[PDB]
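Participant: Take this sequence and fold it.
(7 chains, ligands or ions: 1)
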Amino acid sequence: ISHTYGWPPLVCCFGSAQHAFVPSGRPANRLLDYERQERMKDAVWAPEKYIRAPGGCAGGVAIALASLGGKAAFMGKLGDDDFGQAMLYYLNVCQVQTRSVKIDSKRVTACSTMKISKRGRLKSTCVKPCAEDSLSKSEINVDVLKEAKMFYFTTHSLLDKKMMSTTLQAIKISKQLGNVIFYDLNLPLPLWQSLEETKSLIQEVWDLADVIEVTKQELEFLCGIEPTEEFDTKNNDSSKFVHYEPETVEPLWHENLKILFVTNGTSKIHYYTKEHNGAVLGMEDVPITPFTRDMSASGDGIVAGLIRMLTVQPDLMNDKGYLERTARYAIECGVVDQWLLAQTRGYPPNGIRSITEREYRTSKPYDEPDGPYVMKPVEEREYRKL
Amino acid sequence: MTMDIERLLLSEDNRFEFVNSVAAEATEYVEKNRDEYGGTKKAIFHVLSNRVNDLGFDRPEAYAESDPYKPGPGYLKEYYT
Amino acid sequence: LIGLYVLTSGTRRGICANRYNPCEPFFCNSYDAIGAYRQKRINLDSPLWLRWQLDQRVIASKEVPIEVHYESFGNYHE
Amino acid sequence: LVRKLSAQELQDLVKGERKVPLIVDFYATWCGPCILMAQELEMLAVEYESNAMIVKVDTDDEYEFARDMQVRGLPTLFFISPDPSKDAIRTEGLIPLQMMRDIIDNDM
Amino acid sequence: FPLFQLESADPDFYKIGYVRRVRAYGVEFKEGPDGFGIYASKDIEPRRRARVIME
Amino acid sequence: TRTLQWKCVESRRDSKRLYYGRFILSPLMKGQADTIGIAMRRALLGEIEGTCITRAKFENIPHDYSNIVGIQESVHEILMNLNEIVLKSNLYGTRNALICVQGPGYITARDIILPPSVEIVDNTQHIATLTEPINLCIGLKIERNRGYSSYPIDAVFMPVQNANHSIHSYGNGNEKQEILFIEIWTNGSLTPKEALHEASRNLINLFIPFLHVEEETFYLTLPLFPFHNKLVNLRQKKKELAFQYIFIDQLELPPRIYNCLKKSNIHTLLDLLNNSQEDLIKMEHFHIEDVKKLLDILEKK
Amino acid sequence: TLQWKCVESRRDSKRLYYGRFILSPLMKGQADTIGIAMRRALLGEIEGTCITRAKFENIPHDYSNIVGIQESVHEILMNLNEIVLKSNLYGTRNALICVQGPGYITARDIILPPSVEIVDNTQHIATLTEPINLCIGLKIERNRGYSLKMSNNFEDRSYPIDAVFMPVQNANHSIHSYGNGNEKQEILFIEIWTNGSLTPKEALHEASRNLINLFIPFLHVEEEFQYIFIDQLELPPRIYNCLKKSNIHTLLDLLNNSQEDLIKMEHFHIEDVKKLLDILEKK
Ligand SMILES: Nc1ncnc2c1ncn2[C@@H]1O[C@H](CSCC[C@H](N)C(=O)O)[C@@H](O)[C@H]1O
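Facilitator: Residues are numbered from 1 along each chain as shown, chains lettered A, B, ... in the order given. See the structure here:
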């Protein structure tokens, strides 16, 4: 039924439909104007340490891609309980194709049973995984894999043995059907120790990916580079935003890799091919809130923009100008997503109370009678001589 | 309603007789059901709509319309002259 | 009245249009012409050719064609 | 009231004995969903005045302990039953309060 | 739910009239073996006064 | 580095309460400069907020058209001088300040006791002159607002005095690029660069709402939770979920029929039930066999 | 809270879509600015796809008509200009028309580049009566409304098509104001008419995104003597007269000119430049 496949091409986002789940967060540097930050420090909230999350789940990327006018399908498993049905409904109202979502009545959404060993030190040793970790090879929807022209997945699917096998099967099936494989690293929290075990885990899927997106911190971690720059210093020196030469990324390259995207948030995006390499500057002075400080929406928007631009013109993956345009578009998408999330969540003052930016930037009247800004009774005046 | 008024007069030999008949019908409407008129429903507009509807042409009753976009009670539209 | 007079005052013609003796866009429909005017592609009084798909209803001087271009294949332009 | 307890304090509490369900909050100061979960757990602790115990462990200060607990991200809650026979529940993401109430009232 | 659940005259016949200010309300022209006829295309509800059918 | 750059090509401080700045922005594609210029001009002239004194309270005055013995200016002149004080603040609310001095001498803008969130732009601005040692206590009211408005003070909150822009052809018509210049005049409460940045941010905040979700899209911070509460409520007093909240994704359908329905803007079960067989027949790749199998599938539900 | 909603939508045909949108509550003066910016964006900042050039193969002899084709070449170009397309293409692609013979040639008979679609396949192009193969080579571009004409291909006798990139046929905005005393509120209405290559909701979102992208770059950061006259000065007559010939009368103007321009004026030498500095140093 190839004549029913419309435009834009369908994108399959394989993984988990988590709700506000952050894999990890690393210290980061962003382009910023510090005269403004000094002047606006009483009205604009900033983190004491700038730490940026690489992104979120595959469901978040599917939702973000749909918001850009692209066609996105989410392939995963959800439980039939209230939380799983709520997540499925939320994915449905975001124009994400959920026909590839498997509903399991024997599983609990976002809950796993852990057998804690109480003899030595504390280990958890997961026994029964959650609903979005039990997608079997037989539950993979192959119709959506035939229709889709790009396959998206993250490293969170490689943490469980059975889910890793399912991910490998889905990647191989998609490659057989002539799809472009997009690997979004988004390195999980436990994988930031023992680089060698991370390489052992991700080496098989790394060689099956046509496009790979990693952060600057992830690229440094995988290349064995120690962070030489300074963090949380009020300047924008070029050493914080360095475009590594292709020889630095040479060890990570393989035969079927087309593009490698190295993102530093929405401040800067670096692209690498066999013939071309370059970077595009962006903007990261977006409204930030204690509820939105991890900057995961920016990463989701960047990845969604990259996927959109690569899918709409798949024959220009080696064109340098189109790669520059794609990087700029991804920067813009991340900026817009971060702005929207900041507006939606609001500032801290289901028990969840939030105040708007207008209320956050509202000060006290300073009408305390003891205060020096009120007409006290004439008994106590304290005039100052001219 | 201006188009309807012109249409109703295409079948009237004398317009003064038309006005008198409309006024008499409106007076009957008000006498029979006093409380239904004077606010959002006007008797003369009701007579005109009924006379248009009697020809088989559908019209809202008494040409009574409101603004769906009023931002709650108490807010009055400020006309832009 | 002044607005209508300026609106319906047509092209500059003759010596007021060209400096020298001469020895314009074609629009499928009026909406295309108005859209081109909105995008500053043409002026309010710049001449243009509009395809007409109704009967001849343009007020003009009752005059024979200036020039008839008759082709040997049968088509002629008046 | 949620109290910040180190890894060794949590070891002492687990290896000890308690008559009330224990909820351990794995969080970091750089995560907004962690603050939203903190508000949710504050309301929950208001709901359960003394019949439950809610504690918070900072992941950045206890990264090795968090890795030993198979904490794959944030926010993460651990529901420890007072009975040693039953197993602990690990919840990933910003789950609603009703899920916590159901867990405590059904499998705790 | 919606998913679970004499010939018409030549359209040009009324169209040539319609373009010349002929209006037929609530009726349609139908042609049969006997000849042309005018039939109510819907339910002509009774009003207080006479209803306009054709002009 | 950037292909499109902006820079301040001139900055000038004519006085303490008149700043000037000219900015450039090139290269722009044809037509972009006009849009940027008009939107930026309207934002600078209408959307930038300022902080002003709005209410001053006296104690021994019959009416604002009277004099004070020993003060050279009448109450009206004092109020007019107070209306000309330029303040700066990033916060909202009705802050209050104090003027409490003893003469003789000059009462300048540096004699105002401001709350920590409000600052004086020009210390030398004149309020009144005391000729003899009299008492003078004035209570002020200060707030940040847009546009313009105990004696009330007619406060004009607009801090941008004037704006201008110009558009110039970049050069050869490769893409008929353009050069944009922007001139800004402020009263010193914020620099022209700050005005430019604030105008850009205000315009973005004005255009960003259209990129949210349309009104009445999610069931009513975290849109997921109210629907979860609805599901919890439905779990008691079992009545199942409405067809409007059930989508055709969870109905087992052949992929061709799913795509045909999706391209016809059919998303939920209520839309599928309210559809007619004839309309679905009017869609291609949807034969009578498809109609009967879809009816059978729906009957199975 | 500030929210938006679509209050009306229609599809009269496949190349005529209508939509009406709302935005409220707004403060005084905001609705007009938003409407003006949105109308400009809708009318000229949205990208459209059109046939911009046509090449006629099969040796048409470069005449006004082709044997066997009912429509003339100019008529064919006019028909081609009316075809509504949508795409995401970057750069310029090529499309081809190659119909065997007699019948009607419509938009459906166009072989398209990968990203290009056709809004209406029933749009007429040409009518063929005799069994003659017609081959037309179409050039397809994607540009903004406020854009212009690119580099012209003067070669190979290809007839241009004066395409107007206006996917949004028309746009309007209106303001409704309400208030009860000191507090006021206004509502923005936006009407969008599109040619079917885009929905009015898509046009609204694209216009908003284009405006935001136009105002992002302003937030970018980067990586790190009038009354002392010449006559009162004791100057040599040669230097004094040269200054007047170059219209210099006051010491302020003398200091306004660099030493480069002083030598340029006629009858001025290096010795005079040194002499000027010494006298100024002595006063
Ligand atoms: N009630 C009736 N029964 C049978 N024929 C009728 C009739 N009323 C009218 N007619 C016929 O219709 C003609 C009037 S013109 C009416 C329309 C005509 N039947 C046609 O098709 O053109 C008369 O010649 C008469 O013969």
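Participant: In chain B, what residue lies closest to chain D?
Facilitator: Proximity to chain D, evaluated over chain B using Cβ to the nearest Cβ, is greatest for residue B:72 at 30.6 Å. For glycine as for every other residue, the C-beta is placed from the backbone atoms N, C-alpha and C.
Participant: Which strand or helix spans that residue?
Facilitator: Under the criterion of DSSP states H and E, residue B:72 resides outside all helices and strands.
Participant: Can you get me a residue count around it?
Facilitator: 8 (other Cβ atoms under 10 Å in any protein chain shown).
Participant: where do the strands sit along chain E?
Facilitator: If DSSP state E is used as the criterion, the strands of chain E fall at E:7-8, E:27-31, E:36-40.
Participant: In JSON lines, list these along with mean neighbour count.
Facilitator: Shown next, in JSON lines, are the strands of chain E (neighbours: other Cβ atoms under 10 Å in any protein chain shown):
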{"stretch": "strand E:7-8", "mean neighbour count": "10"}
{"stretch": "strand E:27-31", "mean neighbour count": "15"}
{"stretch": "strand E:36-40", "mean neighbour count": "11"}
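Participant: so what's residue B:70 up against?
Facilitator: B:77, G:178 (Cβ atoms under 8 Å, 6 or more residues apart in numbering or on different chains).
Participant: what's the neighbour count on residue F:276?
Facilitator: 12.
Participant: Pull the number of nearby residues for residue A:162.
Facilitator: Neighbours of residue A:162 under the rule other Cβ under 10 Å: 13.
Participant: which secondary structure element contains it?
Facilitator: Going by DSSP H and E, residue A:162 is part of helix A:161-176.
Participant: Likewise for residue A:73?
Facilitator: strand A:71-79.
Participant: in chain B, which spans are helices?
Facilitator: With DSSP state H, the ranges of helices along chain B come out as B:2-9, B:15-32, B:43-53.
Participant: ok, and which of the ones you listed has the densest surroundings?
Facilitator: Between those, helix B:43-53 has the highest mean count of neighbours, a mean of 20, where neighbours are mean count of other Cβ atoms under 10 Å in any protein chain shown.
Participant: can you dump the C-alpha coordinates of it into CSV?
Facilitator: The C-alpha trace of helix B:43-53 is given here as CSV (Å, rounded to 0.1, in the frame of the first residue of the first chain):
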residue,chain,number,x,y,z
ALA,B,43,-42.6,43.2,19.2
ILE,B,44,-42.2,44.9,15.9
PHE,B,45,-39.2,42.8,15.0
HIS,B,46,-41.1,39.7,16.0
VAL,B,47,-44.0,40.8,13.7
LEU,B,48,-41.5,41.4,10.8
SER,B,49,-39.8,38.0,11.3
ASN,B,50,-43.1,36.2,11.5
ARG,B,51,-44.3,37.9,8.3
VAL,B,52,-41.1,36.9,6.6
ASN,B,53,-41.4,33.4,8.0
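Participant: which other residues reach it?
Facilitator: Residues external to helix B:43-53 that are found in contact with it (Cβ under 8 Å, 6+ apart): B:1, B:4-5, B:7-8, B:22-23, B:25-27, B:29-30, B:37, B:59-64, E:47-49.
Participant: Also stretch D:49-67?
Facilitator: With Cβ under 8 Å, 6+ apart, stretch D:49-67 has contacts from A:122, A:189-190, A:193, D:1-7, D:10, D:13, D:18, D:20-30, D:38, D:41, D:44-45, D:71, D:74, D:104.
Participant: Now go through these and say which are in strands.
Facilitator: Judged by DSSP E, the subset of the contacts of stretch D:49-67 located in strands is D:3-4, D:22-27.
Participant: Show me which of the residues you listed are buried.
Facilitator: Taking 16 or more other Cβ atoms under 10 Å in any protein chain shown as the criterion, what is buried in those is D:22-27.
Participant: tell me the contacts of the residue nearest the centre of chain E?
Facilitator: In chain E, the C-alpha closest to the average C-alpha coordinate belongs to residue E:28, at a distance of 1.7 Å (Cα atoms, centre = their mean). Under the criterion of Cβ under 8 Å, 6+ apart, the contact partners of residue E:28 comprise E:8-9, E:38-41.
Participant: shouldn't residue B:75 be in contact with residue G:178?
Facilitator: Yes: with contact defined as Cβ atoms under 8 Å, residue B:75 counts as touching residue G:178 (4.1 Å).
Participant: shared neighbours, these two?
Facilitator: For the pair residue B:75 and residue G:178, residues contacting each of them under the criterion Cβ under 8 Å, 6+ apart are residue G:185.
Participant: ok, residue A:115 - contacts?
Facilitator: By Cβ under 8 Å, 6+ apart, the residues touching residue A:115 are A:124-127, D:87.
Participant: Over to residue F:243?
Facilitator: Counting by Cβ under 8 Å, 6+ apart, residue F:243 makes contact with F:268-270, F:273.
Participant: now swap in residue A:173 and tell me
Facilitator: Taking Cβ under 8 Å, 6+ apart as the definition of contact, the neighbours of residue A:173 are A:140, A:142, A:145.
Participant: And the residue lying closest to the first one once chain neighbours are set aside, how far from residue A:12?
Facilitator: Which is residue A:140. Leaving aside its chain neighbours, residue A:140 sits nearest to residue A:170 (5.3 Å; criterion: Cβ to Cβ, 6 or more residues apart in numbering or on different chains). Residue A:170 is 8 Å from residue A:12, where distance means Cβ to Cβ, to the nearest Å.
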